[PDB]
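Undergrad: compute the structure for the input listed below.
(chains A, B, C and D)
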Amino acid sequence: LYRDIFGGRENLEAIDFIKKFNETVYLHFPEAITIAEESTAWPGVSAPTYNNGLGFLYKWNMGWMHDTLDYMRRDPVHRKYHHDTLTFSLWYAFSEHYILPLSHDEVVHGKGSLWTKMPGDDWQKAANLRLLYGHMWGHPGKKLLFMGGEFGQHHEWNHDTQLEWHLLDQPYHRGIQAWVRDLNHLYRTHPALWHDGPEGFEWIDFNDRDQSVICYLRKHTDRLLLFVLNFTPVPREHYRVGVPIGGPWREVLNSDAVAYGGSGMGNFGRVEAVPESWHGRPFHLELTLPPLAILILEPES
Amino acid sequence: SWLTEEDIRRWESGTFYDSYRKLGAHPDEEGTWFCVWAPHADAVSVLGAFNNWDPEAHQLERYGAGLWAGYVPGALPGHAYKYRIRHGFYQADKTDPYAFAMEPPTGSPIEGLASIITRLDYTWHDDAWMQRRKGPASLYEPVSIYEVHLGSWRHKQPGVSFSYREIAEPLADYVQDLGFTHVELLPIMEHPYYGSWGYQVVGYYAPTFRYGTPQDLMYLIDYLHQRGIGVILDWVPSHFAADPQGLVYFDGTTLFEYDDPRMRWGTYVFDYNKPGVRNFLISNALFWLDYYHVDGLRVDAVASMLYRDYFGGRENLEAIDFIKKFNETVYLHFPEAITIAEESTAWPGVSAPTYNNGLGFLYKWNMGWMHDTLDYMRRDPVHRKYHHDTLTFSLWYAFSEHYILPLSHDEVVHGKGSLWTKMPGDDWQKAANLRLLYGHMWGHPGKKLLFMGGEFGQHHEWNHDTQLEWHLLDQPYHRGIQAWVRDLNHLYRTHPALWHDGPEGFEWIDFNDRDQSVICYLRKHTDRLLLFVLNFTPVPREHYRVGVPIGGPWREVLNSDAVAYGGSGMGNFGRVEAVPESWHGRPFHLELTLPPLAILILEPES
Amino acid sequence: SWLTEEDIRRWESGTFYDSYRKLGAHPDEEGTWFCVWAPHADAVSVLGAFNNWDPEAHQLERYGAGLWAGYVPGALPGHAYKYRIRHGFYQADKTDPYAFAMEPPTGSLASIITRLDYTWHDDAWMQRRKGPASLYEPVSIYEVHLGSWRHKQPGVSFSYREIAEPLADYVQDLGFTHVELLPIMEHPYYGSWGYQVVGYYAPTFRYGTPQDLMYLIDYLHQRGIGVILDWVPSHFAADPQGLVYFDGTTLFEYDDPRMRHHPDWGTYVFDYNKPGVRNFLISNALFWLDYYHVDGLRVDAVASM
Amino acid sequence: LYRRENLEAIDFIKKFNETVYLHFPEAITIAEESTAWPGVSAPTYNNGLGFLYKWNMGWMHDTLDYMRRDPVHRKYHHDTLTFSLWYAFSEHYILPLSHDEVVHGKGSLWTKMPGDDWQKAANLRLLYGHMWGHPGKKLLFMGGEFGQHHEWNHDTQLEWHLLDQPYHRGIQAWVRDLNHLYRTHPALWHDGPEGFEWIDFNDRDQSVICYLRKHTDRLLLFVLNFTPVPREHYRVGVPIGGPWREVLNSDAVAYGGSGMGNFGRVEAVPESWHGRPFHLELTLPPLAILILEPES
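TA: Numbers count the residues shown, from 1 in each chain, chains lettered A, B, ... in the order given. Take a look at the structure below.
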């Protein structure tokens, strides 16, 4: 787009090439997909040419990737002080049709494995990585994950080497792979996650900075999915979260389940909603938040 | 007792948003009550003509929360008073932070600005305006603001401003002729240095003496409402004035200042952590909306509040919660108030509701638009070709907030040049350029704000020591710009296609004519359409085809080049029959001749 | 950080009774952390096959309260190690006091990095254990030295797993409620019967691994028998490679020369004034009660303390 | 100086210095200026600010940055060490290790040095040795003379208890002995360009520096090994032949050192080394400074 009377840094040649590139593809292939990674805040990368966009269908949410990763290397003791980096991502989550992206670029050149990036001991590293993926799947936008991130590989990605598949013998790595498997199953089945527009996202609570917890909602039409995230290894008991609908609520996924390698703290399936106001909501669920865990909950149907 | 036991608790809470009811000076027929916030004071006394200026005459008594109270028989409206606060070894005289009017004993403000005991009795006649007032619902109504500095606007005689009373009728008459909906006033709160324009404030609860009494200001506001004009006040929670008698080290220690040296403009920032500071500031916000029927509050330099260096980091939370609780409190007590913020960082959700993690303002100045637009139009028309993206890309950022287009006093001052001065070419073209800019500003999504004198295309920069150059209203080009701005405002006020600044309200027609510097776009609400064809080059364009969605006859609603505005007169007939074949991917197209440096605004018929 | 800034504050107080988790050898998936208390040492290093037994390759870094910590990538379970502590001019090789497993190099002792992973089969027992309520119930204790009880052939003791089923039956046939085990903690001179201890945190190798003993308790618990361990907080073993003058100075010993001479044990008594000694001793109490679910501790020679 | 320059202040500083030396001709004024403002130490009549001394904050930054680095890595940062001498005579300078460097999480000088305790003590003894050799006067903030562990905490008293332990008592002895060498030998009194001559600066691989500090007759030879590896048969060129003495060795056991040393009685060999007529064949102790002069 850029090159570094006219004095213009924008390479206008290329911008028309990109625009005529994208136009031509969809004309000859109406069902193709074009994705761009653009690390500037160039507007409307994912926008149609007739609105002066670059004409891509998808743009990498590299802002999200940076913010999320920078937030999760910090130690939970310090996460109190960087709460805004987690919450602020949504502000820019809708300017483009976006793919949340974790890629080779971030797991090379001394930047360290995704697992390596996460702080604390081995259980906490697995917990942190399980949470990162949990919030990543809950966060609006499509999903991309590079090889080896799915089991939480220790080593940086080396092209001269094959992934450390031997790590699949260790339980935590197998649990991370199962967590991702289970995440994709929920993703494929619950349409509340299909719509990454402002439609599909509602905040439940973002103001718990001391305990570093965030609650948000994902909703297409009638269906809704509740996300409660504990970003600290300290378990939370009798934590109330406001909800729109009353009645029995189901626990659809628990990051801390033993099947994923977790402590196993959870809410045992059914939680009953209390017709008492919380977070500006008519009802609320009083839940137990496991250490460094993401909880996905559904009203019962 | 003066203070209810619930009061003190609210002051400790930081929830006393009625605090002007009890703090400051409140007269009876037999005396006046005095109340001061001075937590680190060992003693407080009121001194005045009513008691020999004797420090021991009336020693206020310490209550809870650092609040002091006392009654003085014979202290009457129109006396001056002074607080003598003792911090241990040292003693100091201070002005009332809650002063309801301040007046210079000398006659010169920079010398002395003393508090005067005042009664705020005033009867309003603006019921109809206040019953029909619409704050947040104005997002779907035309909001066109005329920004004014009262002393600079008109002078009754050289170097002497119009009074509040005397200004009312000239201001209302002129604003109505212009078609502006609101007036924005640069800070009215008491300030020593006139050259501050009011942004260095000492008396937050006192309207400035220079233009009259407190009730004189209400009469002005009352009058403006009866005339159907809104009043937005500029408000400065960002910092307080550097005057020793003022808020600086009120108790001999940091009070409105940060207790901590490291943080803290410098030093003269409000410590938003303190419950008393948040009380003082938030009450003052409502105080203006309550006692003076103010329609809106505009907060400047929000970035200086949000960050600290403009693991805790750059962001200041104190300020953001205060800003958030400020906006929440305003809309709770005044659902039809308006809050506007100017933030020169790209802080997200300034215009967003707090429950969405926003700051809670209703409006944000689109200063990006202002910069881009201005950077574009100074360039010579030969060159506008090479910067076409600066103009078109303004809309990529035009919907991130509820925005007000921000042509402001800061833009026309300190060497930046008059808006007129900024435009390139000979005098005809500069007037043309100015007419084009205003045309595009009204077409662009967002509310419109224009500072005094821009409506003439005034030659000189804004000088607070004089009145705008109304003499140029005699030479033809300048009444034409005024006629153009009025006609734009009349079009704005009437056509609902311009009221909706959401992405729904805009459709692109064409933005690719970089060589001819032409822009075609649509502004829509429901059935209603407005088509904008803009020529940023002198070269007239003939048989310029412009695609349109609906066919049939189209009308030429406004022509920047009409001689009534000072233009060449090159124009379409005003009857334009749509050609039934395609242009710009549209079913029909209009074939027009585009006048020089002009904007065409076109509408289909019935 | 291996160690919290709070964990050190707990160490200064002598209020860390979970000190075992911070101290000793702790394997992770890429290596093991080593943590040793050596306050009056100028340098502390871990030496093992995983670094060619060279002091320089891995030197622990001091934190608060004379606590040393360091990570050695490639240090693995089943590896043998030793700490080389330098007190100014002189250096000495030491055993890990918090070693969870010690095995002799000769086969006739070297600290071994070990994992204590075990899944228990005595949930039912623990819920029913009487403790203080046992005063109103019968306790009949069968005292045992595991080496002396039953033999596979002359001079060959029974392993932990092996003895369980023969012993549990004999104890059950006679109706005893508990077995009191003469000290199982690692001790060099078998003829001491276990009362001069080198590995307070390590069960003796002669009868198996830490897991072998954990199961023995598992079985005895399932079969309804209690296990009481004999505990020796009164004194520590004479051999030097062990706790003697650990940091190059008196550490577990009394610093003052007058207190150190004592009847029965001299300069081998624990300095209970030191907070670190109290951490070490009380943590060991819970350690046996926690990781091995022991029902009881029997303290001998209380008068000597 | 700034706010772009503030001339009010610049004339004030110039008149301050002019006035002081008029009323007190033998006073001293020292300035700390953190920009590259020229002629701080220069007389007002030459457009200088009129100070007698300037803190060499440039030196301190380079020096500390170099020694924060591990000897294994110092190879790649050799120029940071050697280049201090390009800017070493721009003003009348005082080498500075002030309180501002041992506060706000910057770490005590001791804490800054890399490796285990011996290397930390060795590094600080080496650092001071080089600082005493480098041109310029010397300033050390209290507690640096023991190499105390903790940052300067004004709310408490210095950790004098560390003076009981060997490594810190050795550094105190080293500073005392360095100060003895300083006052006794005039070769260090002249911080002029004439005073300093390079012996060798291009041993980047082995991270060694050899230099000479001169006044007239007197020479002082400084050889510095910035890696924990003893160097043997290391030849260093010298102007004079004959017997040379070892005046000081940082690695003496009395300072906490290993004790590798030449211990005096070093005879120059007339073989050209480092572009010099005669050469010394020496042993370079670990992370140590040798100071040698011709025998007289």
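Undergrad: what helix or strand is residue B:351 on?
TA: In this structure, residue B:351 sits in neither a helix nor a strand according to DSSP states H and E.
Undergrad: my guess is it contacts residue B:364. True?
TA: Yes: between residue B:351 and residue B:364 there is a contact at 4.7 Å, judged by Cβ atoms under 8 Å. The way it works is simple: take the backbone N, C-alpha and C, and place the C-beta from them, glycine included.
Undergrad: so which bits of the stretch 51-200 of chain A are right by chain C?
TA: A:121-122, A:154, A:170, A:172 (Cβ under 8 Å from any Cβ of the partner chain).
Undergrad: among these, which one has the most neighbours?
TA: Using other Cβ atoms under 10 Å in any protein chain shown as the neighbour criterion, residue A:172 leads those with 22 neighbours.
Undergrad: correct me, but it touches residue A:258?
TA: No: assessed by Cβ under 8 Å, residue A:172 is found out of contact with residue A:258, at 11.6 Å.
Undergrad: helices along the stretch 101-250 of chain A, start to end?
TA: Assigned by DSSP state H, counting those that start in this stretch, the stretch 101-250 of chain A shows helices spanning A:114-117, A:122-138, A:171-189.
Undergrad: what does chain B give?
TA: B:5-13, B:127-132, B:150-153, B:164-178, B:214-226, B:275-291, B:302-306, B:317-333, B:367-378, B:381-384, B:388-392, B:419-422, B:427-443, B:476-494 (DSSP state H).
Undergrad: make TSV from the ones you listed and add distance to chain D and mean neighbour count to it.
TA: Below are the helices of chain B laid out as TSV (distance: least, Cβ to the nearest Cβ, whole Å; neighbours: other Cβ atoms under 10 Å in any protein chain shown):
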stretch	distance to chain D	mean neighbour count
helix B:5-13	32	16
helix B:127-132	49	12
helix B:150-153	29	22
helix B:164-178	39	17
helix B:214-226	39	22
helix B:275-291	28	21
helix B:302-306	19	20
helix B:317-333	23	19
helix B:367-378	25	18
helix B:381-384	33	16
helix B:388-392	31	20
helix B:419-422	28	21
helix B:427-443	35	23
helix B:476-494	40	20
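Undergrad: so which of those helices is nearest chain C?
TA: helix B:317-333 (24.5 Å; Cβ to the nearest Cβ).
Undergrad: ok and that closest one relative to helix B:275-291, angle-wise?
TA: Orientation check (axes from the mean of the first three to the mean of the last three Cα atoms, to 10 degrees): helix B:317-333 against helix B:275-291 gives 30 degrees.
Undergrad: re the thing from before, need the winner for burial among the helices of the stretch 101-250 of chain A.
TA: Highest mean neighbour count of the helices of the stretch 101-250 of chain A: helix A:122-138, a mean of 23 (counted as mean count of other Cβ atoms under 10 Å in any protein chain shown).
Undergrad: packing partners of that helix?
TA: Under the contact definition 3 or more Cβ pairs under 8 Å, 6 or more residues apart in numbering or on different chains; DSSP states H and E, helix A:122-138 sits against helix A:62-73, helix A:114-117, strand A:142-145, helix A:171-189, strand A:223-230, strand A:293-299.
Undergrad: try it again at 6 Å.
TA: Packing contacts for helix A:122-138, counted by 3 or more Cβ pairs under 6 Å, 6 or more residues apart in numbering or on different chains; DSSP states H and E, involve helix A:171-189.
Undergrad: how many neighbouring residues does residue A:239 have?
TA: Count around residue A:239 with other Cβ under 10 Å applied: 18.
Undergrad: from chain D, how far out is residue B:89?
TA: Separation of residue B:89 from chain D (Cβ to the nearest Cβ, to the nearest Å): 26 Å.
Undergrad: next, that residue: phi, psi?
TA: Backbone torsions of residue B:89, given as degrees, to the nearest 10, read phi -70, psi -30.
Undergrad: near chain A, which residues of chain B are found?
TA: B:311-312, B:348-349, B:357, B:386, B:396, B:508, B:511 (Cβ under 6 Å from any Cβ of the partner chain).
Undergrad: among those residues, which pair sits farthest apart?
TA: B:311 and B:386 (46.1 Å; Cβ to Cβ).
Undergrad: and these two? which has more neighbours close in?
TA: residue B:386 (16 against 10).
Undergrad: tell me how many other residues crowd residue 190.
TA: Chain wasn't specified; assuming chain A. 17.
Undergrad: other chain: chain B
TA: Residue B:190 has 28 nearby residues by other Cβ under 10 Å.
Undergrad: quick one on the thing from earlier: so which of the helices of the stretch 101-250 of chain A is nearest residue A:219?
TA: helix A:122-138 (12.1 Å).
Undergrad: report the buried residues of stretch B:238-256.
TA: For stretch B:238-256, the neighbour count (16 or more other Cβ atoms under 10 Å in any protein chain shown) marks B:238-243, B:245-252, B:254-256 as buried.
Undergrad: same question, stretch C:274-287
TA: Per 16+ other Cβ under 10 Å, stretch C:274-287 contains these buried residues: C:274-285, C:287.
Undergrad: then stretch C:298-305?
TA: In stretch C:298-305, counting by 16+ other Cβ under 10 Å, buried: residue C:300.
Undergrad: next up, the contacts around the residue of chain A found nearest chain C.
TA: Nearest residue of chain A to chain C (Cβ to the nearest Cβ) works out as residue A:122 at 5.2 Å. Listed by Cβ atoms under 6 Å, 6 or more residues apart in numbering or on different chains, the contact partners of residue A:122 are C:28-29.
Undergrad: and the gap between it and chain D?
TA: The separation that residue A:122 has from chain D, given Cβ to the nearest Cβ, amounts to 28 Å.
Undergrad: then residue B:191?
TA: 25 Å.
Undergrad: residues near that residue, how many?
TA: 27.
Undergrad: what of residue C:166?
TA: 12.
Undergrad: what's the answer for the one 4 residues further on, then?
TA: For residue C:170, the neighbour count with other Cβ under 10 Å is 16.
Undergrad: before I go, just wanted to say thanks for your time.
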